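As structure tokens, the structure follows; a few thoughts come after it.
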Amino acid sequence: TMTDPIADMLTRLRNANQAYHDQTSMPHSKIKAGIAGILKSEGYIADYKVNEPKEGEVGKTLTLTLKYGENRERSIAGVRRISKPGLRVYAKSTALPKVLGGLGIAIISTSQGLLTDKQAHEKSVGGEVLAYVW
Amino acid sequence: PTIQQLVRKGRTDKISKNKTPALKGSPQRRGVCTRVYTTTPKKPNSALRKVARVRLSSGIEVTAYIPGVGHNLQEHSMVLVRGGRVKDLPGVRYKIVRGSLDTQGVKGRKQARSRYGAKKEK
RNA sequence: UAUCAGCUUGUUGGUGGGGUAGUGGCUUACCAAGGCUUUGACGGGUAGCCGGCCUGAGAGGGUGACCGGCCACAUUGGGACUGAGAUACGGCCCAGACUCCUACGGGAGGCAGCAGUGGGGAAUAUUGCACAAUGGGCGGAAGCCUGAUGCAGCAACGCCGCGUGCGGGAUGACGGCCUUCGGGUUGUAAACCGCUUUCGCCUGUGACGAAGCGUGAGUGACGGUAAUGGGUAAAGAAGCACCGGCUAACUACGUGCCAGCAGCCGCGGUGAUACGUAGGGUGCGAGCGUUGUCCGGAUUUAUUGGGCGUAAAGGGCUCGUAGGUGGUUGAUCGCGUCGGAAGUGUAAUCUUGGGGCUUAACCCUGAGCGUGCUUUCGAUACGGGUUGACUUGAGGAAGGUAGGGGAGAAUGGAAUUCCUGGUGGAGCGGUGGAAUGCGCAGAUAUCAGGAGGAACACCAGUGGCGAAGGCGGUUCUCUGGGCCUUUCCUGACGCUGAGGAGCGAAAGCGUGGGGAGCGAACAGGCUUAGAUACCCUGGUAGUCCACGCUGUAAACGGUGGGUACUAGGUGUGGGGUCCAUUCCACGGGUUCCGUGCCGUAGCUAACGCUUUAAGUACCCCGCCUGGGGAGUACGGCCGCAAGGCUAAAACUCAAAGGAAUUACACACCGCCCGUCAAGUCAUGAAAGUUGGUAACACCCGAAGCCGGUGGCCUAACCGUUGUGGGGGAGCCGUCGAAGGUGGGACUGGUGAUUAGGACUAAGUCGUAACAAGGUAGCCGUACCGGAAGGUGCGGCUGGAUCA
RNA sequence: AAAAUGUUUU
Ligand SMILES: [Mg+2]
Ligand SMILES: [Mg+2]
Ligand SMILES: [Mg+2]
Ligand SMILES: [Mg+2]
Ligand SMILES: [Mg+2]
Ligand SMILES: [Mg+2]
Ligand SMILES: [Mg+2]
Ligand SMILES: [Mg+2]
Ligand SMILES: [Mg+2]
Ligand SMILES: [Mg+2]
Ligand SMILES: [Mg+2]
Ligand SMILES: [Mg+2]
Ligand SMILES: [Mg+2]
Ligand SMILES: [Mg+2]
Ligand SMILES: [Mg+2]
Ligand SMILES: [Mg+2]
Ligand SMILES: [Mg+2]
Ligand SMILES: [Mg+2]
Ligand SMILES: [Mg+2]
Ligand SMILES: [Mg+2]
Ligand SMILES: [Mg+2]
Ligand SMILES: [Mg+2]
Ligand SMILES: [Mg+2]
Ligand SMILES: [Mg+2]
Ligand SMILES: [Mg+2]
Ligand SMILES: [Mg+2]
Ligand SMILES: [Mg+2]
Ligand SMILES: [Mg+2]
Ligand SMILES: [Mg+2]
Ligand SMILES: [Mg+2]
Ligand SMILES: [Mg+2]
Ligand SMILES: [Mg+2]
Ligand SMILES: [Mg+2]
Ligand SMILES: [Mg+2]
Ligand SMILES: [Mg+2]
Ligand SMILES: [Mg+2]
Ligand SMILES: [Mg+2]
Ligand SMILES: [Mg+2]
Ligand SMILES: [Mg+2]
Ligand SMILES: [Mg+2]
Ligand SMILES: [Mg+2]
Ligand SMILES: [Mg+2]
Ligand SMILES: [Mg+2]
Ligand SMILES: [Mg+2]
Ligand SMILES: [Mg+2]
Ligand SMILES: [Mg+2]
Ligand SMILES: [Mg+2]
Ligand SMILES: [Mg+2]
Ligand SMILES: [Mg+2]
Ligand SMILES: [Mg+2]
Ligand SMILES: [Mg+2]
Ligand SMILES: [Mg+2]
Ligand SMILES: [Mg+2]
Ligand SMILES: [Mg+2]
Ligand SMILES: [Mg+2]
Ligand SMILES: [Mg+2]
């Protein structure tokens with residue numbers, strides 16, 4: 001059964017980006033919506049939208065529309081899940097990870113909401129290292 | 001393996017085989033020559049490699065090679081035995097230190113003298 | 001460490017007393033029956049722990065020398081005494097083992113303090129000086145004591161620094177070595193010229209450490225030391241390893257698979273850059289090598305940071321316990337998590353900033369580090385706890401529905417064999433060819449009738465079902481699971497699952513039954529050098545049934561389960577639903593679940609996989625760590641047995657292996673298997689034999705503390721001044737080291753004999769495998785055989801013919 | 001239709 005819906009989101013995004021799909025969809029959760037929002041604010045996806053259920057009439061659907069540049073070029077070089085259900089990863093304000101030498105962003109869930117490493121370091125707050133999207 | 005599998009049963013290293021058990025944690029050991037003889041090398045190769053069955057002071061008896069052209073040690077000759085394998089000789093894992101105790105340096109050495117216990121000549 | 005699974009009876013708790021500095025089964029009496037343990041108790045092995053040290057990018061790995069902190073111990077075992085304080089090192093008591101003295105009655109002793117001796121060992125120092133400094137003990141103090149300490153001796157043991165010369169010098173001298181006899185090289189090297197004097201040697205000066213100590217006088221062990229002036233002579237001062245590749249550096253001579261070298265690859269068989277020497281060179285240098293050990297390289301135990309289709313690796317399959325893990329969301333807690341504050345993390349080390357030794361090593365000093373922990377105050381995104389919702393995961397209801405799913409019972413037909421009868425007569429049968437065999441005592445053949453056992457042609461595969469193993473005549477009875485559906489219900493109830501349990505082809509085993517055909521073993525015939533085989537004729541277990549046992553397979557998709565996502569194309573099985581003509585169905589769609597083939601992205605060493613993943617991801621389980629030895633030995637468990645399960649080590653090799661290219665590549669005159677014979681090495685079994693360790697149950701029981709008793713002995717106290725109180729010797733009791741006795745547990749050596757393993761003649765016997773290896777190979781099992789192997793039964797393709 | 005084998009050079 002489903003164990004890590006965040007990892008499911010990440011793998012859905014990775015597979016869709018690899019297959020050059022314009023949009024991907026998944027069941028909605030608050031943390032998924034937050035990660036999608038910070039992905040959009042960091043420019044890794046074109047946009048995102050939460051849709052009220054009208055096909056299954058059961059639950060909200062989170063849909064990410066991706067962006068490909070000139071000559072069909074990926075805007076996401078990769079995404080990786082860090083804090084797995086089997087083994088969870090927490091980083092302090094001083095030991096915050098760097099992704100792609102600082103080019104990519106680690107997504108960290110801090111006590112002040114979802115914050116990209118750069119943000120956390122500015123606020124000197126750590127938390128659970130969710131992802132390494134770059 | 002999963003993280004839970006590693007937690008339940010961790011990694012275990014290899015055994016790290018020992019090479020010279022008879023020395024018993026010593027760089028070299030004293031022994032007495034219980035037998036002095038020659039052995040044919042394994043194939044390929046062919047000679048009359050000079051070896052000795054030695055009763056080392058650890059109580060273990062092993063076969064030691066005698067390096068260098070020249071040889072004086074015989075029955076009940078006290079020798080110093082160091083590590084060192086002779087590849088084309090099955091069962092020989094030790095060598096006899098020339099120039100120490102009864103065994104003496106190779107006579108006509110002029111190069112690599114220290115490895116054969118040959119004093120410098122004026 | 002599970003090849004140690006049960007441990008404990010003052011043991012766990014309670015109440016009263018006692019005891020102690022103090023809590024306490026610490027002790028005692030009584031009461032209760034607890035306590036610990038597969039998250040590993042108990043037992044075995046090893047070990048002082050740490051600050052640190054080495055290594056490493058880090059994470060880690062190894063380690064516990066000096067120095068510093070804690071602990072333990074002081075000849076072995078036990079005991080108390082004194083004291084503020086005791087494992088009481090240089091105390092006492094008892095016992096044991098030792099050494100010494102003795103007049104034989106009895107006494108004395110403990111270097112793991114410093115130095116030193118013997119011994120063991122590959123290996124580690126002087127029977128030194130001083131209390132001048134710092135620290136300690138006693139004294140009011142002067143002071144005394146201090147093998148702490150400060151120093152010196154010894155050792156290249158480590159680290160650091162310095163020297164053995166510097167400039168000039170072509171005529172590129174001789175001499176070695178090489179040569180193409182031209183020369184090249186050693187080589188600016190030398191000769192020769194001019195310089196400098198660190199260290200060493202000779203000689204002079206000469207400290208700091210002492211702002212100490214002492215009333216003063218006086219007072220430095222180190223010590224004529226460091227430092228420093230003068231003098232001498234370029235002098236007193238360079239070795240070791242290496243030069244085939246990795247790896248910096250090559251030639252000649254000698255040797256001739258010899259002598260020898262080697263870390264691996266390998267070198268040496270007459271042109272050796274690999275042996276030995278020489279010249280030349282290279283790396284280092286008061287060192288240089290070798291050996292040992294550790295880390296690295298090794299991502300070669302992969303948390304960082306690996307894998308399991310074929311390379312080593314998915315459990316035979318499922319159920320399920322602990323455990324791990326968890327769809328959406330409200331509220332709340334603030335355990336994880338995160339952020340401050342305080343405390344702590346001694347010093348030294350370490351990193352770093354300053355400073356001192358002529359520099360450095362080293363030393364001092366400031367800071368950091370001390371990766372944590374405790375306390376406290378905050379944050380609430382996530383994990384978790386508590387609590388409430390939601391239905392999409394999951395399960396259920398109702399309806400629809402496919403099927404060799406299973407078990408039981410009855411029963412159908414063909415065919416084989418046998419029996420009876422009719423007919424008929426010379427062969428039949430069998431093969432590459434034959435023969436054994438059967439048959440005029442009428443076989444084979446042919447017809448009729450009957451008996452019996454086993455398997456179910458066609459349907460039938462490109463298919464269905466089952467968790468797997470597997471499942472096919474028909475009928476009935478009993479029963480399991482799957483699939484679909486719009487409504488319906490419950491509301492995360494899910495997933496996986498160590499250990500455990502069950503199921504588990506065939507062979508095999510036990511009891512009974514049955515026995516047609518088939519058919520291990522067996523007998524005979526053929527083939528053959530032989531034929532314990534292939535082939536032929538016979539033929540017993542078995543194959544079958546009932547009930548058990550065994551529990552293994554190439555139990556394979558060589559691919560664990562669950563989930564989500566990521567082109568298609570095209571067959572086929574099952575359930576719906578839609579459409580037109582019907583008002584069937586043919587047809588098309590569409591949806592859900594199977595089952596194949598092709599194929600994109602992607603992945604893979606390649607082959608190949610590719611929505612039924614071997615792709616992208618998350619959760620849980622099993623498993624791998626070079627090839628042999630070996631899935632073997634020992635032990636234990638299971639079994640009636642066969643055996644299965646768990647599962648090593650010594651030793652040995654430098655490969656073993658995967659896929660592919662053109663099991664062989666020395667290229668089929670290839671490769672390669674196993675007995676037997678010989679030698680060598682390691683190991684197992686074994687009547688036994690020889691030790692060791694850890695305890696147990698009893699008997700006896702020293703010292704000693706405690707508890708009694710004390711008629712004997714008693715200066716302080718009190719006396720009615722005849723004594724009493726209190727104490728002490730002695731004595732008894734509990735505990736108690738050692739010893740004795742006995743029966744077990746564990747374990748080492750050894751063992752006639754015996755077993756297999758590894759390696760070596762270039763030995764003997766066959767040819768089992770690799771090609772269709774000449775009978776396709778292999779897996780499990782069974783029996784047989786000199787040996788490979790042969791055969792039966794079931795299975796696999798890691799075989800193929802023919803499509 | 002069965003039809004075996006191929007020491008040690010340097
Ligand atoms: Mg009490
Ligand atoms: Mg010890
Ligand atoms: Mg340690
Ligand atoms: Mg110490
Ligand atoms: Mg006292
Ligand atoms: Mg004392
Ligand atoms: Mg003391
Ligand atoms: Mg003493
Ligand atoms: Mg001493
Ligand atoms: Mg000695
Ligand atoms: Mg003093
Ligand atoms: Mg004084
Ligand atoms: Mg004294
Ligand atoms: Mg080179
Ligand atoms: Mg030569
Ligand atoms: Mg490593
Ligand atoms: Mg290594
Ligand atoms: Mg690997
Ligand atoms: Mg896997
Ligand atoms: Mg394999
Ligand atoms: Mg399987
Ligand atoms: Mg099993
Ligand atoms: Mg559970
Ligand atoms: Mg959750
Ligand atoms: Mg909430
Ligand atoms: Mg410091
Ligand atoms: Mg300085
Ligand atoms: Mg410190
Ligand atoms: Mg919760
Ligand atoms: Mg139904
Ligand atoms: Mg039955
Ligand atoms: Mg058929
Ligand atoms: Mg098929
Ligand atoms: Mg409801
Ligand atoms: Mg079982
Ligand atoms: Mg059977
Ligand atoms: Mg039977
Ligand atoms: Mg029977
Ligand atoms: Mg036969
Ligand atoms: Mg099968
Ligand atoms: Mg397997
Ligand atoms: Mg499983
Ligand atoms: Mg899977
Ligand atoms: Mg399909
Ligand atoms: Mg793979
Ligand atoms: Mg076995
Ligand atoms: Mg034995
Ligand atoms: Mg007693
Ligand atoms: Mg008493
Ligand atoms: Mg009295
Ligand atoms: Mg007594
Ligand atoms: Mg005793
Ligand atoms: Mg024997
Ligand atoms: Mg053959
Ligand atoms: Mg064959
Ligand atoms: Mg046979």
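Chain labels follow the order of the structure tokens: the first chain is A, the next B, and so on; residue numbering restarts at 1 in every chain, and ligands are counted from 1 in their shown order.
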Select, as a ChimeraX atom specification, those residues of chain B with any atom no more than 6 Å from chain C (distances computed using only C-alpha atoms (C1' of nucleotides)). /B:11-13,26-29,46,82-83
Could you turn the residues from that selection into a file that holds C-alpha atoms, as a CSV table (one decimal), in the first residue's frame?
chain,number,residue,atom,x,y,z
B,11,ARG,CA,27.2,-5.5,8.8
B,12,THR,CA,30.0,-7.9,9.8
B,13,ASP,CA,33.5,-7.5,8.3
B,26,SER,CA,56.7,-11.3,16.9
B,27,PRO,CA,58.8,-9.8,14.0
B,28,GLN,CA,61.1,-12.8,14.2
B,29,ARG,CA,61.5,-15.8,16.4
B,46,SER,CA,63.0,-26.0,-11.3
B,82,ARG,CA,61.4,-14.0,10.0
B,83,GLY,CA,58.3,-13.8,7.9
Got a sec to tell me which of chain B DSSP assigns to strand (DSSP E or B), as number ranges by chain? B: 28-39, 49-56, 61-65, 78-83, 94-96
Neighbours of stretch 200-210 of chain C within 10 Å (only C-alpha atoms (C1' of nucleotides); same-chain residues fewer than 5 positions away dropped), as a PyMOL selection string? chain C and resi 132-133+163+219-220+224-232+236-237
Grab me every residue within 12 Å of ligand 36, counting only C-alpha atoms (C1' of nucleotides) and all ligand atoms, and send it over as a PDB file with N, CA and C atoms (P, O5', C5', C4', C3', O3' and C1' of nucleotides), in the first residue's frame.
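Saved result, result-v2.pdb, follows:
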ATOM      1  P     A C 505       3.644 -33.372  -2.696  1.00  0.00           P
ATOM      2  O5'   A C 505       4.024 -33.741  -4.192  1.00  0.00           O
ATOM      3  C5'   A C 505       3.249 -33.245  -5.267  1.00  0.00           C
ATOM      4  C4'   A C 505       3.932 -33.448  -6.594  1.00  0.00           C
ATOM      5  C3'   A C 505       4.464 -34.839  -6.875  1.00  0.00           C
ATOM      6  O3'   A C 505       3.451 -35.740  -7.275  1.00  0.00           O
ATOM      7  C1'   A C 505       6.061 -33.225  -7.526  1.00  0.00           C
ATOM      8  P     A C 506       3.377 -37.199  -6.623  1.00  0.00           P
ATOM      9  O5'   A C 506       4.760 -37.872  -7.028  1.00  0.00           O
ATOM     10  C5'   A C 506       5.053 -38.157  -8.385  1.00  0.00           C
ATOM     11  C4'   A C 506       6.523 -38.415  -8.591  1.00  0.00           C
ATOM     12  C3'   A C 506       7.124 -39.548  -7.782  1.00  0.00           C
ATOM     13  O3'   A C 506       6.856 -40.823  -8.332  1.00  0.00           O
ATOM     14  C1'   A C 506       8.530 -37.670  -7.646  1.00  0.00           C
ATOM     15  P     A C 507       6.708 -42.098  -7.371  1.00  0.00           P
ATOM     16  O5'   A C 507       8.170 -42.307  -6.786  1.00  0.00           O
ATOM     17  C5'   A C 507       9.227 -42.737  -7.627  1.00  0.00           C
ATOM     18  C4'   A C 507      10.564 -42.573  -6.959  1.00  0.00           C
ATOM     19  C3'   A C 507      10.776 -43.380  -5.694  1.00  0.00           C
ATOM     20  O3'   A C 507      11.108 -44.730  -5.943  1.00  0.00           O
ATOM     21  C1'   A C 507      11.441 -41.169  -5.304  1.00  0.00           C
ATOM     22  P     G C 508      10.423 -45.893  -5.077  1.00  0.00           P
ATOM     23  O5'   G C 508      10.875 -45.575  -3.585  1.00  0.00           O
ATOM     24  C5'   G C 508      12.243 -45.638  -3.224  1.00  0.00           C
ATOM     25  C4'   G C 508      12.497 -45.063  -1.855  1.00  0.00           C
ATOM     26  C3'   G C 508      11.807 -45.742  -0.693  1.00  0.00           C
ATOM     27  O3'   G C 508      12.418 -46.962  -0.321  1.00  0.00           O
ATOM     28  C1'   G C 508      11.651 -43.406  -0.442  1.00  0.00           C
ATOM     29  P     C C 509      11.508 -48.217   0.087  1.00  0.00           P
ATOM     30  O5'   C C 509      11.092 -47.907   1.589  1.00  0.00           O
ATOM     31  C5'   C C 509      12.072 -47.544   2.545  1.00  0.00           C
ATOM     32  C4'   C C 509      11.453 -47.097   3.843  1.00  0.00           C
ATOM     33  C3'   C C 509      10.313 -47.944   4.368  1.00  0.00           C
ATOM     34  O3'   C C 509      10.745 -49.144   4.980  1.00  0.00           O
ATOM     35  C1'   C C 509       9.748 -45.665   4.561  1.00  0.00           C
ATOM     36  P     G C 542       6.308 -52.306  -2.732  1.00  0.00           P
ATOM     37  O5'   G C 542       6.382 -51.041  -3.692  1.00  0.00           O
ATOM     38  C5'   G C 542       7.288 -49.983  -3.427  1.00  0.00           C
ATOM     39  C4'   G C 542       7.627 -49.225  -4.682  1.00  0.00           C
ATOM     40  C3'   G C 542       6.465 -48.543  -5.377  1.00  0.00           C
ATOM     41  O3'   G C 542       6.136 -47.299  -4.786  1.00  0.00           O
ATOM     42  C1'   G C 542       7.749 -49.720  -6.966  1.00  0.00           C
ATOM     43  P     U C 543       4.603 -46.865  -4.615  1.00  0.00           P
ATOM     44  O5'   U C 543       4.117 -46.596  -6.104  1.00  0.00           O
ATOM     45  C5'   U C 543       4.733 -45.591  -6.889  1.00  0.00           C
ATOM     46  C4'   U C 543       4.363 -45.717  -8.342  1.00  0.00           C
ATOM     47  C3'   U C 543       2.880 -45.764  -8.645  1.00  0.00           C
ATOM     48  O3'   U C 543       2.293 -44.479  -8.668  1.00  0.00           O
ATOM     49  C1'   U C 543       3.993 -47.461  -9.856  1.00  0.00           C
ATOM     50  P     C C 544       1.259 -44.040  -7.525  1.00  0.00           P
ATOM     51  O5'   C C 544       0.125 -45.148  -7.593  1.00  0.00           O
ATOM     52  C5'   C C 544      -0.728 -45.245  -8.721  1.00  0.00           C
ATOM     53  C4'   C C 544      -1.895 -46.150  -8.438  1.00  0.00           C
ATOM     54  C3'   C C 544      -2.563 -45.954  -7.091  1.00  0.00           C
ATOM     55  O3'   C C 544      -3.470 -44.869  -7.084  1.00  0.00           O
ATOM     56  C1'   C C 544      -2.203 -48.256  -7.466  1.00  0.00           C
ATOM     57  P     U C 550       7.731 -36.694   9.667  1.00  0.00           P
ATOM     58  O5'   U C 550       8.845 -36.777   8.536  1.00  0.00           O
ATOM     59  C5'   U C 550       9.946 -37.663   8.656  1.00  0.00           C
ATOM     60  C4'   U C 550      10.519 -38.007   7.304  1.00  0.00           C
ATOM     61  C3'   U C 550      10.979 -36.832   6.462  1.00  0.00           C
ATOM     62  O3'   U C 550      12.301 -36.453   6.789  1.00  0.00           O
ATOM     63  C1'   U C 550       9.728 -38.372   5.139  1.00  0.00           C
ATOM     64  P     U C 781      18.578 -36.076  -2.694  1.00  0.00           P
ATOM     65  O5'   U C 781      17.739 -37.417  -2.857  1.00  0.00           O
ATOM     66  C5'   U C 781      16.473 -37.560  -2.236  1.00  0.00           C
ATOM     67  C4'   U C 781      15.692 -38.696  -2.841  1.00  0.00           C
ATOM     68  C3'   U C 781      16.404 -40.034  -2.891  1.00  0.00           C
ATOM     69  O3'   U C 781      16.362 -40.724  -1.657  1.00  0.00           O
ATOM     70  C1'   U C 781      15.414 -39.597  -4.983  1.00  0.00           C
ATOM     71  P     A C 782      17.552 -41.718  -1.251  1.00  0.00           P
ATOM     72  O5'   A C 782      17.258 -43.022  -2.108  1.00  0.00           O
ATOM     73  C5'   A C 782      16.040 -43.727  -1.941  1.00  0.00           C
ATOM     74  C4'   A C 782      15.846 -44.770  -3.009  1.00  0.00           C
ATOM     75  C3'   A C 782      17.024 -45.681  -3.284  1.00  0.00           C
ATOM     76  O3'   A C 782      17.162 -46.708  -2.322  1.00  0.00           O
ATOM     77  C1'   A C 782      16.102 -44.953  -5.324  1.00  0.00           C
ATOM     78  P     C C 793      10.519 -44.981 -16.038  1.00  0.00           P
ATOM     79  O5'   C C 793      10.128 -44.126 -14.757  1.00  0.00           O
ATOM     80  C5'   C C 793       9.184 -44.613 -13.819  1.00  0.00           C
ATOM     81  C4'   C C 793       8.974 -43.638 -12.691  1.00  0.00           C
ATOM     82  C3'   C C 793       8.780 -42.188 -13.096  1.00  0.00           C
ATOM     83  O3'   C C 793       7.467 -41.906 -13.536  1.00  0.00           O
ATOM     84  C1'   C C 793      10.330 -42.307 -11.323  1.00  0.00           C
ATOM     85  P     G C 794       7.232 -40.881 -14.746  1.00  0.00           P
ATOM     86  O5'   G C 794       7.435 -39.452 -14.078  1.00  0.00           O
ATOM     87  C5'   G C 794       6.454 -38.919 -13.205  1.00  0.00           C
ATOM     88  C4'   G C 794       7.004 -37.797 -12.363  1.00  0.00           C
ATOM     89  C3'   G C 794       7.518 -36.581 -13.108  1.00  0.00           C
ATOM     90  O3'   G C 794       6.501 -35.720 -13.575  1.00  0.00           O
ATOM     91  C1'   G C 794       9.084 -37.186 -11.477  1.00  0.00           C
TER      92        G C 794
END
Secondary structure check, helix (DSSP H, G or I) residues of chain A, as a tab-separated table (two decimals) with N, CA and C atoms, in the first residue's frame:
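To be explicit, this is the file written out as out.tsv:
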chain	number	residue	atom	x	y	z
A	5	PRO	N	3.41	9.32	0.59
A	5	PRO	CA	2.78	10.15	-0.44
A	5	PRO	C	3.67	11.26	-0.95
A	6	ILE	N	4.59	11.77	-0.13
A	6	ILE	CA	5.54	12.76	-0.63
A	6	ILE	C	6.47	12.14	-1.67
A	7	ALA	N	6.97	10.94	-1.40
A	7	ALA	CA	7.77	10.24	-2.39
A	7	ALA	C	6.96	9.93	-3.63
A	8	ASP	N	5.66	9.64	-3.47
A	8	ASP	CA	4.81	9.43	-4.63
A	8	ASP	C	4.69	10.70	-5.46
A	9	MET	N	4.53	11.85	-4.81
A	9	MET	CA	4.53	13.12	-5.53
A	9	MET	C	5.84	13.33	-6.27
A	10	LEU	N	6.96	13.09	-5.59
A	10	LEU	CA	8.25	13.31	-6.22
A	10	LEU	C	8.45	12.40	-7.42
A	11	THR	N	8.08	11.12	-7.30
A	11	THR	CA	8.27	10.20	-8.41
A	11	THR	C	7.29	10.48	-9.54
A	12	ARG	N	6.07	10.92	-9.23
A	12	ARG	CA	5.15	11.33	-10.27
A	12	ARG	C	5.71	12.50	-11.05
A	13	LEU	N	6.24	13.50	-10.34
A	13	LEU	CA	6.83	14.65	-10.99
A	13	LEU	C	8.03	14.25	-11.84
A	14	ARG	N	8.89	13.39	-11.30
A	14	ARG	CA	10.08	12.97	-12.04
A	14	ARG	C	9.70	12.21	-13.30
A	15	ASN	N	8.75	11.27	-13.19
A	15	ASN	CA	8.35	10.49	-14.34
A	15	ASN	C	7.67	11.35	-15.40
A	16	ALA	N	6.79	12.26	-14.98
A	16	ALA	CA	6.13	13.14	-15.94
A	16	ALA	C	7.13	14.05	-16.63
A	17	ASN	N	8.06	14.62	-15.86
A	17	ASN	CA	9.08	15.49	-16.44
A	17	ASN	C	9.94	14.73	-17.43
A	18	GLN	N	10.30	13.49	-17.09
A	18	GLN	CA	11.10	12.67	-18.00
A	18	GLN	C	10.33	12.34	-19.27
A	30	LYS	N	-2.07	18.64	2.23
A	30	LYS	CA	-1.57	19.98	2.56
A	30	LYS	C	-0.08	20.09	2.32
A	31	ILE	N	0.69	19.08	2.73
A	31	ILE	CA	2.14	19.15	2.56
A	31	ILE	C	2.50	19.07	1.08
A	32	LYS	N	1.76	18.28	0.30
A	32	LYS	CA	1.99	18.24	-1.14
A	32	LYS	C	1.72	19.60	-1.76
A	33	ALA	N	0.65	20.27	-1.34
A	33	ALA	CA	0.34	21.59	-1.86
A	33	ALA	C	1.44	22.58	-1.49
A	34	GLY	N	1.95	22.50	-0.26
A	34	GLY	CA	3.03	23.39	0.13
A	34	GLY	C	4.29	23.17	-0.68
A	35	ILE	N	4.65	21.91	-0.91
A	35	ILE	CA	5.84	21.62	-1.69
A	35	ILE	C	5.65	22.09	-3.12
A	36	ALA	N	4.46	21.89	-3.69
A	36	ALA	CA	4.19	22.39	-5.03
A	36	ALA	C	4.30	23.91	-5.08
A	37	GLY	N	3.79	24.58	-4.05
A	37	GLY	CA	3.88	26.03	-4.02
A	37	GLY	C	5.31	26.52	-3.99
A	38	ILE	N	6.15	25.89	-3.16
A	38	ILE	CA	7.54	26.36	-3.11
A	38	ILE	C	8.30	25.96	-4.36
A	39	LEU	N	7.92	24.84	-5.00
A	39	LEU	CA	8.49	24.50	-6.30
A	39	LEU	C	8.17	25.57	-7.33
A	40	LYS	N	6.92	26.03	-7.36
A	40	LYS	CA	6.54	27.09	-8.28
A	40	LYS	C	7.28	28.38	-7.96
A	41	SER	N	7.39	28.72	-6.68
A	41	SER	CA	8.05	29.95	-6.29
A	41	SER	C	9.55	29.90	-6.58
A	42	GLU	N	10.13	28.71	-6.60
A	42	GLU	CA	11.53	28.55	-6.98
A	42	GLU	C	11.72	28.30	-8.47
A	100	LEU	N	23.48	20.41	-5.21
A	100	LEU	CA	24.16	20.80	-6.45
A	100	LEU	C	25.09	21.99	-6.21
A	101	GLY	N	25.83	21.93	-5.10
A	101	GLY	CA	26.71	23.02	-4.75
A	101	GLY	C	26.01	24.32	-4.44
A	102	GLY	N	24.72	24.27	-4.13
A	102	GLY	CA	23.93	25.45	-3.89
A	102	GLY	C	23.03	25.85	-5.03
A	117	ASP	N	16.10	25.52	2.00
A	117	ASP	CA	17.33	25.67	2.82
A	117	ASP	C	17.70	27.14	2.91
A	118	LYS	N	17.88	27.81	1.78
A	118	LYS	CA	18.33	29.21	1.81
A	118	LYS	C	17.49	29.95	2.85
A	119	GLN	N	16.18	29.84	2.74
A	119	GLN	CA	15.29	30.52	3.70
A	119	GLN	C	15.69	30.09	5.11
A	120	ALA	N	15.61	28.80	5.40
A	120	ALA	CA	15.91	28.32	6.77
A	120	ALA	C	17.22	28.95	7.23
A	121	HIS	N	18.28	28.80	6.45
A	121	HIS	CA	19.53	29.36	6.95
A	121	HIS	C	19.38	30.82	7.34
A	122	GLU	N	18.60	31.59	6.57
A	122	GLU	CA	18.40	32.99	6.91
A	122	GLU	C	17.67	33.13	8.24
A	123	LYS	N	16.71	32.26	8.51
A	123	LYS	CA	15.95	32.28	9.75
A	123	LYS	C	16.61	31.48	10.86
